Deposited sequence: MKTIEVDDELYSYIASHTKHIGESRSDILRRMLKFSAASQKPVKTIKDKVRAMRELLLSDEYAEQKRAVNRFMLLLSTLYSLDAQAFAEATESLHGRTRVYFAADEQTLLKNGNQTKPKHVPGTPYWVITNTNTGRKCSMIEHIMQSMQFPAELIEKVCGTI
């Protein structure tokens, strides 16, 4: 993180372009400025199905563990899509995903952020299983997965 200094007026302006909770000046600015090959949908769907059946997935003991492994895998399938599916995802006061731990600790608290393996992202953990499904569902819907797959996946969390 690097630092620049803006005058009082220009500051209020950027501040007024705030859309949703927890976004940074960086976020807001890139929006105000207009500032890769991927696997097929079938291949994506296959990978997720393989995962649900995979041994690794059964070995995961608790929800939070499946939750994480699900995110790692989703991200590996389409970084761009995951990013988009994730940047608009948050709660009333808590930010759900961030590119660093501090942002999550700063906005929420006791959110128990964990870094998502094989991923530049951190996500909050202090949530019930239900809300974990909501996040996964919302993400997969955004990433354009079949409704029936999303259903089968949330049933395993």
Can you give me the gaps, meaning deposited-sequence stretches with no C-alpha coordinates, in sequence order? 36 to 40
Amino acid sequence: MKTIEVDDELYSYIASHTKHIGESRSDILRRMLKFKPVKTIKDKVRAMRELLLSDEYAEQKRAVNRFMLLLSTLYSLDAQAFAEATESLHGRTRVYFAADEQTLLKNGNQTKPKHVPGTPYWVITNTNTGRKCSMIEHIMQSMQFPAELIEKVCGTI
From here on, numbers count along this sequence of modelled residues.
If you average the CA temperature factors as listed in the entry, which stretch comes out higher, 119 to 127 or 59 to 67? 59 to 67
Residue range whose averaged C-alpha B-factor is higher in the record, 93 to 101 or 26 to 34: 26 to 34
Scanning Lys114, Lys39, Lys132, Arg49 for peak Cα temperature factor in the entry gives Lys39
By the entry's values, the third containing the CA B factor of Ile21 is the highest
Please say which third, lowest, middle or highest, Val153 falls into when its CA temperature factor is compared across its chain. lowest
Name the third of the chain's ranked CA B-factors that contains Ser12, choosing lowest, middle or highest. highest
